[PDB]
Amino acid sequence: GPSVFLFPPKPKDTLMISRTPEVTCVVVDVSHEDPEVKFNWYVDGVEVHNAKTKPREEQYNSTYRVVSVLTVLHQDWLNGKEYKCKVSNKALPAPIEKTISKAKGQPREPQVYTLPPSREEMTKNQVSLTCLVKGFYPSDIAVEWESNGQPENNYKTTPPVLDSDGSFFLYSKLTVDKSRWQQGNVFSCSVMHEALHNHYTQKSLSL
């Protein structure tokens, strides 16, 4: 029978009023014999009607995939409203229901600390600039790096890790040529999170 997957908005999309956050309800394994698919959408159990549903699209394995997109209000998501997708198809004994929302719990402000390269790493051609982000809740977060107002791209960021006090932490690693670090250039780690003022902070690192 068909399967339903419900996807949350991206962390950045709920934190910036200029962006447009969406919840996305995807149904796969829709058969040819019962290809009609109905979507109902509920917000805290109250039905809403503004979703945009796409025409079904046959896949190379001869099943259909159908997508419904519900735009959410930033403050609704951050207030913890629950979004329910109900998917009806004639091949199903009963409609499939999925629900998604922000992780429950009291938001906690991320603490952002930058850590310079270790002495021992300075023997190499490239060095590691570290951004520790700890004590935050929920785990939805975005982390970026820049220098002189331009985005540094050569970075990797670990997944959030559940810490022992129930908050989350992560590290981001930016790799730069040691000359750039030794020339005294200024590097900034940027963090977006609902519990930060203006949903954003940056912390600077340099020699």
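One-based numbering along the sequence shown.
The mean Cα B-factor in the deposited entry runs higher for 119 to 127 than for the other of 100 to 108 and 119 to 127.
Note on 181 to 189 vs 20 to 28: mean CA B-factor is higher in 181 to 189. Ranking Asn148, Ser68, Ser167, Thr157 by Cα temperature factor from the entry places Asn148 first. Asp140 sits in the lowest third of its chain by CA B factor, as recorded in the PDB entry. Annotation for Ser172: CA B-factor lies in the lowest third of the chain's modelled residues. Annotation for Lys90: C-alpha temperature factor in the highest third relative to the rest of the modelled chain, per the entry. In this PDB entry, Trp41 carries a Cα temperature factor that places it within the lowest third of its chain's modelled residues.
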